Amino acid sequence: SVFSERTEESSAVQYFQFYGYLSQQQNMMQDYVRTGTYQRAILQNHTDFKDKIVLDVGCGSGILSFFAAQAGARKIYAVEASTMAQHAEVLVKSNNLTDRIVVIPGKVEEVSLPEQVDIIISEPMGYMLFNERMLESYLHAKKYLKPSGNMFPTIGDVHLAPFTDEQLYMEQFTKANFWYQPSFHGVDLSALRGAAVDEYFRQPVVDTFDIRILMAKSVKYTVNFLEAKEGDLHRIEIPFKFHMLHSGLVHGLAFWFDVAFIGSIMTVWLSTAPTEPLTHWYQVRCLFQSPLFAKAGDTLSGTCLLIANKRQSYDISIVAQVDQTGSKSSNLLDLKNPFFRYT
């Protein structure tokens, strides 16, 4: 199957074991902006669901399918690969919707659907949008979509912006300098200091921050789910050229994302920006190995390259330079194992 060939067994096992916990479902269900916005997006666009055939990709407990039912859907095929699929089956029955919702346990790449659908609903977003590589499953599911179909969400916007956070930057060396001592219980640990530093900077930082740390207007990269193919997400190149609004040291790039549900009646947005109420996605920051100095009016240019790996994630390569001075910095990060810093 498409899924198995692009995914290490070991990763998938852990992955779907994670999503088999009800506390996990509960965690996201209790994120009100997420759940409420989805419900709002579906119900306020009822003409996109009334008497329609629906596919729910990765339905979990099946909540989104129930929203599709509330909107008047004729038939909803709810696909889920984790064991949560049982619990969804329980809920459909207990809610007297066995006639409209069909839970189909398995990976969307492997199961079979009896008919084509009018619309696909899903929540494939991970950290920095792309983490978990579910965007690909969502796009893969379009093999079941009628030429007349819609996708909820319809587009996804990733935003990148340079930031200054002197403390976050110095934090890494404060932690790594543990190894910079010539006699830890009689052992000289110093030789590992460099490797320790390396390890810390490879982790993207998951948390939130004050918007005043942002030093330039964000650059946006858009995925149109109606148009994009799976292969388009194996290699994602985000070129950028930031026009610096403030003077100071740029310590790295901040990431967040929005999705839009473009329905027949209205467009509804779900935003994870630092200007909006906090979600379980938070924001993601990737540090530069060396900060770059820039003055207001200077230009910070370069590329963010995301290469997909078989651990259901991406290798992040970021290169940036201040055009006016020629000061250059790089970093390589492993998105699969971020550092949860939020307190």
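Counting begins at 1, following the sequence as shown. Between two forms, the rigid core is defined as the largest C-alpha subset superposing within 1.5 Å.
Kindly name the stretch, out of 59 to 67 and 296 to 304, whose CA atoms are displaced more from this form in 9 other deposited structures of this protein after the core superposition? Between the two stretches, 59 to 67 moves farther in 9 other deposited structures of this protein.
Which of 175 to 183 and 267 to 275 lies farther from this form in 9 other deposited structures of this protein, as RMS of C-alpha positions after a rigid core fit: Higher root mean square deviation of C-alphas in 9 other deposited structures of this protein is shown by 175 to 183.
So 269 to 277 or 97 to 105, which one's hotter by mean CA B-factor in the entry? Stretch with the greater average CA B-factor: 97 to 105.
Between 84 to 92 and 252 to 260, point out the one with the higher average CA B-factor as the PDB entry records it. So the stretch with the higher mean C-alpha B-factor is 84 to 92.
Choose from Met244, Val205, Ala141, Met134 the residue with the greatest Cα B-factor as stated in the PDB record. Among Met244, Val205, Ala141, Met134, the PDB entry lists the largest C-alpha B-factor for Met244.
Highest-ranked of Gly72, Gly156, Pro182, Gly194 once sorted by CA temperature factor in the record: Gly72 has the highest C-alpha B-factor of those listed.
Can you work out whether the C-alpha temperature factor of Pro291 puts it in the lowest, middle or highest third of the chain? Middle third of the chain for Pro291's C-alpha B-factor.
Going by what the PDB entry lists, where does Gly58 fall on CA B-factor within its chain: lowest, middle or highest third? It belongs to the lowest third of the chain when residues are ordered by C-alpha B-factor.
Could you say whether, by C-alpha temperature factor, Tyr314 belongs to the lowest, middle or highest third of its chain? Within its chain, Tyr314 is a lowest-third residue by C-alpha B-factor, going by the deposited values.
Compared with the other modelled residues in the chain, in which third is the CA B-factor of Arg212? Highest third.
Of the three thirds of its chain by CA temperature factor, lowest, middle or highest, which one includes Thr164? Ranked within chain, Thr164 CA B lands in the lowest tercile.
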